[PDB]
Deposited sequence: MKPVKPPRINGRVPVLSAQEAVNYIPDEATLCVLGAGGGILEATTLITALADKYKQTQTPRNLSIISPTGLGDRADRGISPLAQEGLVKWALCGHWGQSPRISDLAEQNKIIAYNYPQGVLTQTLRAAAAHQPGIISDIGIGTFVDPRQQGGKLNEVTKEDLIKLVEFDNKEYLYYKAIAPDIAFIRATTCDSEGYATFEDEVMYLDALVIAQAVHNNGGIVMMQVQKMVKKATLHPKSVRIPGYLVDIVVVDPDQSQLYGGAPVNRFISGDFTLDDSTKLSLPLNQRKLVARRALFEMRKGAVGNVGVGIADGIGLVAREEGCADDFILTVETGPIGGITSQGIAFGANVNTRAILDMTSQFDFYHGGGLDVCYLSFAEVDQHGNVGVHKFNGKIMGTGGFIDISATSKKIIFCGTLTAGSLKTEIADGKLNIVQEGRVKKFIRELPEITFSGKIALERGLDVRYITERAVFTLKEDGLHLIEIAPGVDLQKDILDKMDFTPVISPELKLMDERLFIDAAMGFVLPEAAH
């Protein structure tokens, strides 16, 4: 049941009224990325409040293409009340740790498709396609020969199955359509046609809306304001109105968590005018970059690469993309060069568009496997880790091993795999592991190729004949005078 469009106008309701249309066991899809990006907060809030006050609705399933929240009690963490959620499928998990706590305690069924694949299966679902065939995730925990993307004991049902085409290895991910969507835009007209002029980006708002709509579901959309019918520029409209069933107006909608007023640099409308360890790793990771290369800097210790490039005066010489869609820009970015929808960005990543990718690691093993989705008994999920480390041309892992000077000190077989060293070699990709103290490469036979100066050399890694001390410049609090390799 959904409210009728009186005189063709989309129903405008309060968040409280809107969430009362969600029935028991509905499948709820939540648009958004970290730190409030494109998040319909009033809808999440009103739902959490309704279950707190009435213990309804019951046993919902959640689909979260990416990780919402503040790595604490925001995002979808408020929906982690027992009996509200029974089932969850997310591209990233640690960003709303109250949800992943439940999965950890076997309280809910829990899957993790790669974030890229997951948004693709929503787009498939919009078109009533049963699933998608991808080699993304072969040889990692999402492979049914391993965990099948299941995150805990209680998760039984198979969603991913192995298939064959051209006598070759592919995964088939089942496409699940949601019943309910919490989406958001900046502005919409009286018929629901929506533009995103002040939003940080687009994510997969249109895909989510289509997937829900074509499932006979209810799309609920939060906006900051509404305008007169047919007055928005048709080339700015990202969501056609007939896809939207309920609009919630939040006049105090903020681009990000924190309630700062609209920033038009962030909107994209104007052009804006310490030698620690993180920086050292950042610094060294930049050595892997070249002119004309398309890269991606990951969530974590790598994030400082752009700043190092700016300092070394080579930032314009290459381009860094963001998995959620923004291309280029400086530190939400400003002065971006383009913004794609999230799904299309992953389309680009899957076919090996990235020349260089920079990823964090929680654990590494003797086979060159990398673990990030699970560490210390806690569920993080992948985010876009697998989308990016599967087919990218050069893969640069970054993190601490546990003149340099190691004050207070603290690389293992992995209980679960997020990146397969073996699959990477067979695809013929160059793999690095950059550390505070030493730098490895992966080979058929992990070759130590470099070690930190001021240091002394669960498994034994080969050793390079060229085994060297890392660039000295890397260790002075001055300008490295770095030069970006040619194209």
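Judged by missing C-alpha atoms, the gaps in the deposited chain sequence fall at residues 1 to 3, 277 to 283, 342 to 348, 420 to 430, 439 to 442, 445, 479, 492 to 499, 530 to 531, listed in sequence order.
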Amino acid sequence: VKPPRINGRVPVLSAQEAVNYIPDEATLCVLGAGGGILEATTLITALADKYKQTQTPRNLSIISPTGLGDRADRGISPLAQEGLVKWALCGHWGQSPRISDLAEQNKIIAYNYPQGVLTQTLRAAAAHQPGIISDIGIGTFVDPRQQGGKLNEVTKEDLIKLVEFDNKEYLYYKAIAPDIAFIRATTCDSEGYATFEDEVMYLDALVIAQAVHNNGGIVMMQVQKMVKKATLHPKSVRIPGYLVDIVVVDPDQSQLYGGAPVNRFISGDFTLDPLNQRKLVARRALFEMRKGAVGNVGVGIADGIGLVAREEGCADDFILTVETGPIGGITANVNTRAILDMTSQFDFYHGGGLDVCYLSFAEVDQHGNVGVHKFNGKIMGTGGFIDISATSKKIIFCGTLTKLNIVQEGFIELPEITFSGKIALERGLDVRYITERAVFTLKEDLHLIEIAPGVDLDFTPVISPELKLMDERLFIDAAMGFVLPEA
From here on, numbers count along this sequence of modelled residues.
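Comparing the deposited coordinates for 221 to 229 and 147 to 155, the stretch with the larger average C-alpha B-factor is 147 to 155. Once the C-alpha B-factors are averaged per stretch, 165 to 173 and 117 to 125 rank with 165 to 173 first.
Annotation for 208, 201, 406, 89: 406 ranks highest, by Cα B-factor. Comparing the C-alpha B-factors of 348, 257, 397, 193 in the entry, the top value falls on 397. In the deposited entry, the Cα temperature factor of residue 267 sits in the bottom third of values across the chain's modelled residues. In the PDB entry, residue 104 places in the highest third of its chain by CA B-factor. Residue-level temperature factors show residue 10 in the lowest third of its chain, judged at the C-alpha atom. Sorting the modelled residues of the chain by their CA temperature factor places residue 98 in the middle third. Among the modelled residues of the chain, residue 134 sits in the middle third by CA temperature factor in this PDB entry.
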